[PDB]
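To keep things clear, I will list the structure first and then write my remarks on it.
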Amino acid sequence: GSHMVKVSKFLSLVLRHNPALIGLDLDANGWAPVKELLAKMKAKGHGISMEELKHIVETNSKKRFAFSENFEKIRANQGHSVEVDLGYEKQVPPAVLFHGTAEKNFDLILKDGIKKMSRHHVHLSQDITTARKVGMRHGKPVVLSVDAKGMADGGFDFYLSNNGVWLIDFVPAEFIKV
Ligand SMILES: NC(=O)c1ccc[n+]([C@@H]2O[C@H](COP(=O)([O-])OP(=O)(O)OC[C@H]3O[C@@H](n4cnc5c(N)ncnc54)[C@H](O)[C@@H]3O)[C@@H](O)[C@H]2O)c1
């Protein structure tokens with residue numbers, strides 16, 4: 001018994017999708033009690049102890065798991081893995097999204113579009129006032145709002161980070177409406 005690699009696969013299924021296999025109990029913070037996890041999945045035919053599951057979470061190295069102080073609670077960080085999982089929850093996606101930017105880099109951003117200037121980068125403005133507010137950072141602002149039509153039709157699903165900001169994978173400026 002004790003298939004370490006299978007416990008990890010099974011883990012990512014149980015605490016991250018469907019805890020009901022082993023009877024895992026999920027927190028509001030998206031954590032699961034390890035103590036439950038190894039105990040309940042032990043009964044599920046895994047035969048691992050706390051540190052053996054700690055060994056699974058020790059193989060978290062692909063940035064898909066994490067453990068606590070006593071190691072008594074784990075979170076599998078992953079899901080809507082844009083990066084990993086720090087603020088990419090599939091929430092209510094707006095089709096039309098505003099984005100404040102500034103005028104000299106307006107020429108730049110309307111020429112190139114709000115795109116990869118970092119890995120998975122395009123956070124647009126959730127409100128017109130914030131849009132214009134952030135544009136003022138370089139000097140003169142311009143609001144660049146992508147037309148819902150182009151993006152909804154384009155099959156883009158959007159996601160939001162913790163600040164309630166509207167993210168898209170990439171907005172070519174042709175979809176952007178100045
Ligand atoms: N304040 C916060 O904590 C927070 C958190 C998440 C998102 N946001 C959002 O981010 C925006 C505010 O700016 P920021 O936080 O990204 O700061 P930032 O300092 O990263 O600003 C980057 C600037 O470069 C511009 N830019 C992006 N692509 C460009 C391109 N291809 N060519 C030329 N210029 C380009 C951006 O429009 C912006 O003017 C708003 O939409 C805001 O809602 C703010």
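FYI, nothing fancy with the structure tokens labels: chains A, B, ... in order, residues from 1 per chain, ligands from 1 as they appear.
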Residues within 6 Å of ligand 1 (only C-alpha atoms and all ligand atoms), as a tab-separated table (two decimals) with C-alpha atoms, in the first residue's frame?
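File produced: out.tsv:
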chain	number	residue	atom	x	y	z
A	99	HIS	CA	-9.36	50.83	-17.89
A	100	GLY	CA	-7.62	53.93	-16.97
A	101	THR	CA	-4.38	54.71	-18.54
A	102	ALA	CA	-2.46	57.86	-19.36
A	105	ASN	CA	1.41	55.82	-22.98
A	108	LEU	CA	1.57	53.36	-26.83
A	109	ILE	CA	-1.50	51.40	-25.43
A	112	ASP	CA	-0.17	47.96	-28.88
A	113	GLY	CA	-3.06	47.25	-26.47
A	114	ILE	CA	-3.15	46.30	-22.80
A	115	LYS	CA	-1.20	43.09	-22.97
A	123	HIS	CA	-6.24	44.16	-15.13
A	124	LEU	CA	-8.73	46.71	-16.26
A	125	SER	CA	-10.65	49.21	-14.17
A	126	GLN	CA	-13.77	48.14	-12.35
A	131	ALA	CA	-9.98	54.38	-14.25
A	134	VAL	CA	-5.15	55.84	-12.11
A	135	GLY	CA	-4.60	57.53	-15.46
A	163	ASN	CA	-9.16	44.23	-5.19
A	165	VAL	CA	-10.51	44.48	-10.41
Which residues, written as an mmCIF file with C-alpha atoms, in the first residue's frame, have at least one atom at most 6 Å from residue 89 in chain A, with only C-alpha atoms counted and residues fewer than 2 positions away on the same chain left out?
data_model
loop_
_atom_site.group_PDB
_atom_site.id
_atom_site.type_symbol
_atom_site.label_atom_id
_atom_site.label_comp_id
_atom_site.auth_asym_id
_atom_site.auth_seq_id
_atom_site.Cartn_x
_atom_site.Cartn_y
_atom_site.Cartn_z
ATOM 1 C CA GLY A 87 -6.504 36.083 -7.081
ATOM 2 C CA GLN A 91 -16.413 35.374 -10.603
ATOM 3 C CA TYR A 159 -11.609 36.883 -13.790
#
Give me, as a Markdown table, the closest atom pair and its distance (Å, one decimal) for every residue of range 132-162 of chain A within a cut-off of 12 Å of range 63-81 of chain A, counting only C-alpha atoms, rows sorted by chain and rising number.
| residue | atom | partner | partner_atom | distance |
| --- | --- | --- | --- | --- |
| A:157 | CA | A:80 | CA | 11.4 |
| A:158 | CA | A:80 | CA | 11.2 |
| A:159 | CA | A:80 | CA | 9.2 |
| A:160 | CA | A:80 | CA | 11.1 |
| A:161 | CA | A:80 | CA | 11.8 |
Task: Residue nearest residue 83 in chain A among A:55, A:120, A:31, A:61 (counting only C-alpha atoms) - done: A:120
- [ ] Identify, with DSSP run on backbone atoms, the residues in range 44-146 of chain A assigned to alpha helix (DSSP H), and express the list as a list in words.
- [x] residues 50, 51, 52, 53, 54, 55, 56, 57, 58, 104, 105, 106, 107, 108, 109, 110, 111, 112, 128, 129, 130, 131, 132, 133, 134 and 135 of chain A
Open item on the list: Among range 19-168 of chain A, which residues does DSSP mark as strand (DSSP E) when it is run on the backbone? Keep the chain and numbering as in the structure and answer as a list in words.
Closed with: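 Checking each residue of range 19-168 of chain A, the strand (DSSP E) ones are residues 32, 33, 66, 67, 73, 74, 75, 100, 101, 102, 122, 123, 124, 141, 142, 143, 145, 146, 159, 160, 166, 167 and 168 of chain A.
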- [ ] Rank A:92, A:110, A:146, A:117 by their smallest atom-to-atom distance to residue 164 in chain A, using only C-alpha atoms, and report the top residue only.
- [x] A:92
TODO: Have a look at A:172, A:151, A:143, A:41 and name the one nearest to residue 130 in chain A; count only C-alpha atoms.
DONE: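 Smallest separation from residue 130 in chain A among the options: A:143.
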